[PDB]
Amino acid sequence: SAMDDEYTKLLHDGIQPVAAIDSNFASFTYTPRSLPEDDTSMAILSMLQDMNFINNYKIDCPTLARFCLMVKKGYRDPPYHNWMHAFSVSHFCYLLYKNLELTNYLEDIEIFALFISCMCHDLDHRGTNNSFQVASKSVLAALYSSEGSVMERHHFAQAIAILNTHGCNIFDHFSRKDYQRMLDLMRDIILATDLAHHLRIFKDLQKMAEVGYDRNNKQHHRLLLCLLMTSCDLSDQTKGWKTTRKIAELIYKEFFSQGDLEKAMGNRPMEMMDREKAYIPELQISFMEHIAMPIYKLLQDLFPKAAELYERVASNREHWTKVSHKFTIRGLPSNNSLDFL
């Protein structure tokens, strides 16, 4: 009933101009988590319209409205891996489109697949990682653990189940070859969100940036799509310090909750998921140094206009070192009590 009325307005009221969402909506400085959640499905439509994908691919507006709502409704509400994460990852894809001239690098359909993949790439996340699915002998591991990337295979399978839901296949008028192409792209792009995949291809990403992007090289296209998706996935770290701090809070709430579950199973959590061992400033510096900063350095090497993104991640990294001293309790706790000992 609720989705029906939301559908009715999304379809019949018209698509809001993207500039009416916010004066800075298309800037790397904009924080899409600032958008009220109730406004995000209309913002998805506005972005799709502004990138001309609705007209170029003749997407049926009722199908697209239903698709967007079905995708939003396909996310659960863990602290981090929720619909607002998918919305902000999708928004960053729109930023790359508006700021970095992707049409000089990628086919139209590849850019479209990236954006749709961003919307779908964490569908039905339960707030636990791939190792946990295997350790807990979850249904998802029973399905996919022999292939790896258990959660990401599930996210892709969930996106297909939405497309296979009557009235929701935004691609169903595509040619057979274009349809196969779109779903293949979605597979590769969603599967690239496994950071284990990113780490596997990282040297090939380095090699691509070194020799220089070849628009006629099909492997360069695939590699670039993977890097862009990862850049979208981690894009929370490219905003201000306030965003980085809040996003850290959400990640560790989620992580520590999984760690609490691992302990109740008799298993030793990773220290970054153990609330009794994790030292957040050191983990955030490590994550920025070894994972986040190299990704945006690569993005800058390929796209010089992405320099500000790398400098932001580097800045946020310096902020963690500056505030680290505040995790040590000097003097007495604010209650004047040593009871916590």
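Position 1 is the first residue in the sequence shown; the rest follow in order. Take the two forms, superpose them, and find the largest set of C-alpha atoms that agree within 1.5 Å; that set is the rigid core.
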| Do the Cα atoms of 122-130 stray more than those of 206-214 in 9 other deposited structures of this protein, or is it the other way round, with the core held fixed? | 122-130
| query | Say the other structures are aligned on the rigid core; which stretch then has the higher CA RMS in 9 other deposited structures of this protein, 274-282 or 50-58? | reply | 274-282
| message | When the Cα temperature factors in the entry are averaged, is it 313-321 or 328-336 that ends up higher? | response | 328-336
| query | Between 285-293 and 50-58, which has the larger average Cα B-factor in the PDB entry? | reply | 285-293
| query | Going by the deposited entry, which of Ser88, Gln206, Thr128, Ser149 has the highest CA temperature factor? | reply | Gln206
| remark: From the entry's CA B-factor values, the highest among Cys68, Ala307, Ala43, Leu298 is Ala307
| said: Could you place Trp241 in the lowest, middle or highest third of its chain by Cα temperature factor, using the values in the record? | reply: highest
| message | Quick check on the deposited entry: does the C-alpha B-factor of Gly74 sit in the lowest, middle or highest third of its chain? | response | lowest
| field | Ranked against its chain, the third holding the CA B-factor of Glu249 | value | middle
| message | Can you tell me whether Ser117 has a C-alpha B-factor in the lowest, middle or highest third compared with the other modelled residues of the same chain? | response | lowest
| task | Would you mind checking where the Cα B-factor of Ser145 ranks among the modelled residues of its chain, as the lowest, middle or highest third? | result | middle
